[PDB]
Amino acid sequence: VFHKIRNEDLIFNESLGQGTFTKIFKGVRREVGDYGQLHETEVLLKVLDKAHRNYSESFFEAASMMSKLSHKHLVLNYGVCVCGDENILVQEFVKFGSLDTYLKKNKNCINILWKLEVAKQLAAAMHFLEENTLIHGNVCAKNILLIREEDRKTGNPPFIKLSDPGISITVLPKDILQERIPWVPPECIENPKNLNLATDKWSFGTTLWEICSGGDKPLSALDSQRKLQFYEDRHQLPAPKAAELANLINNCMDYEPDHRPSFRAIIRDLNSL
Ligand SMILES: N#Cc1ccc(Nc2nc(N)cc(-n3cnc(CCO)c3)n2)cc1
């Protein structure tokens, strides 16, 4: 279970965007830290919409299991605030935000080595989850956070963390799942209860495509009906302009879930490049 944080110890500041049935804010948490020192800590406040409070269990189940495992590439959740009529997840504040936005704003200076390094880090996080048989369920660039930028001057690579998946696709309305094609894999469009470790391998491929496409959203030009037919006709995504990872993307986005490669094999493939 999560640590409970009092509403009185939280300050809400600027909106940082939205997720499915959620709103995201920068905030501050007043707390007693190590050695009894008082801190005012920057936090990320993720607020479930009041009109959708019936999703609260799924909303928190998302963060909870992951938070039971500690890992350098997994986002740190501090706790929850459920004072009053609020359902709030309190998470570490990451300096450079989510990867979808970062890729869009920085595509003109993100090269193949940056992408490869980010791909390796995401794959390491997914390998850790796979070895713990823990399904994420919503791997996408919007759920990757950039802790540290690349610094060629000190040879330092960028550093990312995988964030929580949000409300599960197993409880979400069908139209939202359809709009999430091609992150949601075909077997889960057919039946959301098919959610499996193999799900994350497909979504990881879609996420690599995002990383390689400067923040473009694959199939964004297709409405929901056409995204459905894309799966019915068994199409693959087009290779990104910088196509170094295209074979890996397509191997991960295998319409046969049992044929998708282990994250160990994915990592060995990345290391070959
Ligand atoms: N300009 C700007 C700027 C924006 C955001 C941050 N920091 C931050 N920290 C987090 N822990 C999570 C997020 N975040 C943002 N969008 C999502 C979507 C769901 O993943 C998550 N952003 C820092 C700078």
# chains A, B, ... in the order shown; residues from 1 in each chain; ligands from 1
$ residues_near_ligand --ligand "ligand 1" --cutoff "9 Å" --atoms "only C-alpha atoms and all ligand atoms" --output "number ranges by chain"
A: 15-19, 24-26, 43-46, 75-77, 90-102, 140-147, 162-166
$ residues_around --residues "residue 60 of chain A" --least-positions-apart "4" --cutoff "10 Å" --atoms "only C-alpha atoms" --output "list in words"
residues 1, 2, 48, 55, 56, 64, 65, 80, 87, 88, 89, 164, 165, 166, 167 and 168 of chain A
$ select_by_dssp --residues "segment 2-251 of chain A" --states "strand (DSSP E or B)" --output "PyMOL selection string"
chain A and resi 4+10-19+22-32+38-48+74+77-81+88-92+98+144-148+151+156+159-162
$ residues_around --residues "residue 32 of chain A" --least-positions-apart "4" --cutoff "12 Å" --atoms "only C-alpha atoms" --output "list in words"
residues 5, 9, 36, 37, 38, 39, 40 and 41 of chain A
$ residues_around --residues "residue 222 of chain A" --least-positions-apart "6" --cutoff "10 Å" --atoms "only C-alpha atoms" --output "PyMOL selection string"
chain A and resi 179+181+228-230
$ write_last_selection --atoms "C-alpha atoms" --output "PDB file, in the first residue's frame"
ATOM      1  CA  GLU A 179      -7.810   5.576 -30.227  1.00  0.00           C
ATOM      2  CA  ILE A 181      -3.949   1.904 -31.599  1.00  0.00           C
ATOM      3  CA  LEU A 228      -9.123  -0.877 -36.472  1.00  0.00           C
ATOM      4  CA  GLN A 229      -8.928  -1.814 -40.141  1.00  0.00           C
ATOM      5  CA  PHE A 230      -5.126  -1.341 -40.011  1.00  0.00           C
TER       6      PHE A 230
END
$ atom_distance --atom1 "atom CA of residue 238 of chain A" --atom2 "atom CA of residue 135 of chain A"
26.9 Å
$ atom_distance --atom1 "atom CA of residue 125 of chain A" --atom2 "atom CA of residue 235 of chain A"
27.9 Å
$ residues_around --residues "segment 131-133 of chain A" --least-positions-apart "3" --cutoff "12 Å" --atoms "only C-alpha atoms" --output "JSON list (two decimals) with N, CA, C and O atoms, in the first residue's frame"
[["chain", "number", "residue", "atom", "x", "y", "z"],
["A", 65, "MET", "N", 1.74, -1.75, -7.77],
["A", 65, "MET", "CA", 2.57, -2.92, -8.01],
["A", 65, "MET", "C", 3.99, -2.53, -8.40],
["A", 65, "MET", "O", 4.97, -3.02, -7.82],
["A", 66, "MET", "N", 4.11, -1.65, -9.40],
["A", 66, "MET", "CA", 5.40, -1.09, -9.80],
["A", 66, "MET", "C", 6.17, -0.57, -8.59],
["A", 66, "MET", "O", 7.36, -0.89, -8.42],
["A", 68, "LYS", "N", 6.03, -1.42, -5.61],
["A", 68, "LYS", "CA", 6.55, -2.51, -4.79],
["A", 68, "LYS", "C", 7.95, -2.94, -5.23],
["A", 68, "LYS", "O", 8.68, -3.54, -4.43],
["A", 69, "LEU", "N", 8.35, -2.64, -6.46],
["A", 69, "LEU", "CA", 9.68, -2.93, -6.96],
["A", 69, "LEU", "C", 10.47, -1.64, -7.13],
["A", 69, "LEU", "O", 9.97, -0.68, -7.72],
["A", 70, "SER", "N", 11.69, -1.63, -6.64],
["A", 70, "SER", "CA", 12.60, -0.50, -6.75],
["A", 70, "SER", "C", 13.59, -0.75, -7.89],
["A", 70, "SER", "O", 14.18, -1.83, -7.97],
["A", 71, "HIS", "N", 13.79, 0.24, -8.75],
["A", 71, "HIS", "CA", 14.73, 0.08, -9.86],
["A", 71, "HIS", "C", 15.13, 1.46, -10.38],
["A", 71, "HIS", "O", 14.32, 2.39, -10.40],
["A", 124, "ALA", "N", 16.04, -2.10, -20.63],
["A", 124, "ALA", "CA", 16.50, -2.63, -19.35],
["A", 124, "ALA", "C", 15.38, -2.58, -18.32],
["A", 124, "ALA", "O", 15.20, -3.51, -17.52],
["A", 125, "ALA", "N", 14.61, -1.49, -18.33],
["A", 125, "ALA", "CA", 13.48, -1.40, -17.41],
["A", 125, "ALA", "C", 12.45, -2.49, -17.70],
["A", 125, "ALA", "O", 11.93, -3.14, -16.78],
["A", 126, "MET", "N", 12.17, -2.72, -18.99],
["A", 126, "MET", "CA", 11.20, -3.75, -19.37],
["A", 126, "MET", "C", 11.72, -5.15, -19.06],
["A", 126, "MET", "O", 10.95, -6.04, -18.69],
["A", 127, "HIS", "N", 13.02, -5.38, -19.21],
["A", 127, "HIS", "CA", 13.60, -6.67, -18.83],
["A", 127, "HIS", "C", 13.40, -6.92, -17.34],
["A", 127, "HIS", "O", 13.01, -8.03, -16.93],
["A", 128, "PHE", "N", 13.64, -5.90, -16.53],
["A", 128, "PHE", "CA", 13.42, -6.01, -15.09],
["A", 128, "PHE", "C", 11.97, -6.37, -14.78],
["A", 128, "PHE", "O", 11.70, -7.28, -13.99],
["A", 136, "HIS", "N", 3.30, -3.99, -17.41],
["A", 136, "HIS", "CA", 3.10, -2.54, -17.36],
["A", 136, "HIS", "C", 1.76, -2.15, -17.96],
["A", 136, "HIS", "O", 0.92, -1.54, -17.29],
["A", 196, "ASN", "N", -1.11, -9.20, -21.22],
["A", 196, "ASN", "CA", -0.11, -10.24, -20.98],
["A", 196, "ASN", "C", 1.28, -9.60, -20.99],
["A", 196, "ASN", "O", 1.44, -8.45, -21.41],
["A", 197, "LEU", "N", 2.30, -10.33, -20.54],
["A", 197, "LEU", "CA", 3.66, -9.81, -20.76],
["A", 197, "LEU", "C", 3.92, -9.50, -22.24],
["A", 197, "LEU", "O", 4.59, -8.51, -22.55],
["A", 198, "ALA", "N", 3.37, -10.29, -23.16],
["A", 198, "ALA", "CA", 3.63, -10.05, -24.59],
["A", 198, "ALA", "C", 3.07, -8.70, -25.07],
["A", 198, "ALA", "O", 3.60, -8.11, -26.04],
["A", 200, "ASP", "N", 3.41, -5.87, -23.63],
["A", 200, "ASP", "CA", 4.41, -4.83, -23.47],
["A", 200, "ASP", "C", 5.47, -4.90, -24.56],
["A", 200, "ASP", "O", 6.07, -3.88, -24.89],
["A", 262, "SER", "N", 11.94, -11.96, -26.36],
["A", 262, "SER", "CA", 12.16, -11.61, -24.97],
["A", 262, "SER", "C", 12.91, -10.29, -24.89],
["A", 262, "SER", "O", 13.63, -9.90, -25.81],
["A", 263, "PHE", "N", 12.77, -9.59, -23.77],
["A", 263, "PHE", "CA", 13.56, -8.38, -23.62],
["A", 263, "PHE", "C", 15.06, -8.68, -23.53],
["A", 263, "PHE", "O", 15.88, -7.83, -23.89],
["A", 264, "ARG", "N", 15.45, -9.89, -23.11],
["A", 264, "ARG", "CA", 16.87, -10.24, -23.16],
["A", 264, "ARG", "C", 17.37, -10.25, -24.60],
["A", 264, "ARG", "O", 18.45, -9.72, -24.91]]
$ closest_residue --among "A:115, A:173, A:180, A:23" --to "residue 150 of chain A" --atoms "only C-alpha atoms"
A:115
$ closest_residue --among "A:50, A:4, A:113, A:192" --to "residue 155 of chain A" --atoms "only C-alpha atoms"
A:113
$ closest_residue --among "A:177, A:209, A:234, A:217" --to "residue 246 of chain A" --atoms "only C-alpha atoms"
A:209
$ residues_around --residues "residue 271 of chain A" --least-positions-apart "4" --cutoff "10 Å" --atoms "only C-alpha atoms" --output "PyMOL selection string"
chain A and resi 116-117+120+265-267
$ closest_residue --among "A:240, A:13, A:253, A:214" --to "residue 103 of chain A" --atoms "only C-alpha atoms"
A:214
$ select_by_dssp --residues "segment 117-187 of chain A" --states "helix (DSSP H, G or I)" --output "count of residues only"
29
$ closest_residue --among "A:82, A:248, A:188, A:242" --to "residue 270 of chain A" --atoms "only C-alpha atoms"
A:248
$ residues_around --residues "residue 186 of chain A" --least-positions-apart "3" --cutoff "7 Å" --atoms "only C-alpha atoms" --output "short mmCIF file (atom, residue, chain, number, x, y, z; two decimals) with C-alpha atoms, in the first residue's frame"
data_model
loop_
_atom_site.label_atom_id
_atom_site.label_comp_id
_atom_site.auth_asym_id
_atom_site.auth_seq_id
_atom_site.Cartn_x
_atom_site.Cartn_y
_atom_site.Cartn_z
CA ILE A 189 -8.31 -4.76 -29.20
CA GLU A 190 -9.87 -8.18 -29.80
CA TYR A 231 -5.04 -4.20 -37.52
CA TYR A 255 0.82 -10.04 -34.71
#
$ closest_residue --among "A:169, A:195, A:21, A:129" --to "residue 54 of chain A" --atoms "only C-alpha atoms"
A:21
